[PDB]
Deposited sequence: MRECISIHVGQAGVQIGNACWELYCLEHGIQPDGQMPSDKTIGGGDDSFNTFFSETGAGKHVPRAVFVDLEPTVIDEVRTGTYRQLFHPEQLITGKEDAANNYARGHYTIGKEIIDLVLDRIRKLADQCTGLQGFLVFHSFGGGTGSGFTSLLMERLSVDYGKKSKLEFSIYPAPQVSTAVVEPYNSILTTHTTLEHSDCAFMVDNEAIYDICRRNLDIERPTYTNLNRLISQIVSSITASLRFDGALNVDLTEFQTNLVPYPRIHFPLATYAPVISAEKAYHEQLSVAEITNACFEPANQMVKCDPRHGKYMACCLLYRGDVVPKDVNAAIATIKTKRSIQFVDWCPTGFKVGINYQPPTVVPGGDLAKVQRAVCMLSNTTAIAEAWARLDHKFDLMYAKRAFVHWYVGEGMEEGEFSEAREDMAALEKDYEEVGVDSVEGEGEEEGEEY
């Protein structure tokens, strides 16, 4: 009845996709073989999976990477039987952290096959809600190929929703020197074609894991588990029934005030260790307050440095409307948090009955209540100011431009991307100013 397509690009995209499909299989009871060993779960299952007459269930997934090693890891993992063998599409050589390479030279061979398989996936859908995209700005394959794929999908499908779950470059640390160039170019291309992209920060999730879950040396797995929890909370309204159901089109309509300002911040609560879960009640007011602290944001950006303009909360489990209504009135009433005056109603509420499922061996405590908070706010203007400063420092001396020029792009594209990002931050500070009357 309502369907979504999840495209996983680059090492980050595919690894987060592995964690995500592990979580969906655990929630719907699908075995890694693909068979259901087992009433309300059937329609919830049908959204993200294509059923076959033999009883096997195939994910509505397209895994793409120009290097074969990570996808071969998937093809050797426990979920090898789950995925369609063809839909794991592999290129022959890596993008080498080069937006130019991934977008122009290497991506152009395999984009046609990727678009053909996305067309085949879309053909078997009754009503396609939209596309889910997973990648990282820093990666060359992720940046270039998600830019190319986003423009091609915007040309082809158009009106249907297109949601990204991108890994924003961390403020202090970075695993790649050319991250500013790759990030600036991909968000330059993404601004026109996207609908709503949800930022994620590795440093922020490390800080969350240390601070709350009381672990000390976390790894990508736990990070991808948290991101999987985010997308599961986001999609549970589509899959499971609920008191207040929310769709991706309504996510666009609520979270996006203007066409270019469509970058909310992910957040989950209650993130809490099993050891400390006993002492705390974890009621609706407690988790709702935990959502809005600066400490538990998954992007290293203090919301106190800016103002919210669109908050959207997705409660799941044993939750009543009056508790959330009182909590949201309280959070609106507080003076620490601040909202733009031109948005009197800055809260979107969604509720559903299914509580989250803890994966085996996970660090998250079992809880009968959970909430996922997505906030469009001006605090990301500071992060893009930092990223623009980094890009300016690199590009003033032409720090790495010859690698990009070799793979077929001009310096005019670099200047145009920087100009577009200047325009973006001017728009952010523009909307951040109060009304004249």
Self-check item: Stretches with no C-alpha atoms in the model, relative to the deposited sequence starting at 1
Solution: 39 to 42, 442 to 451
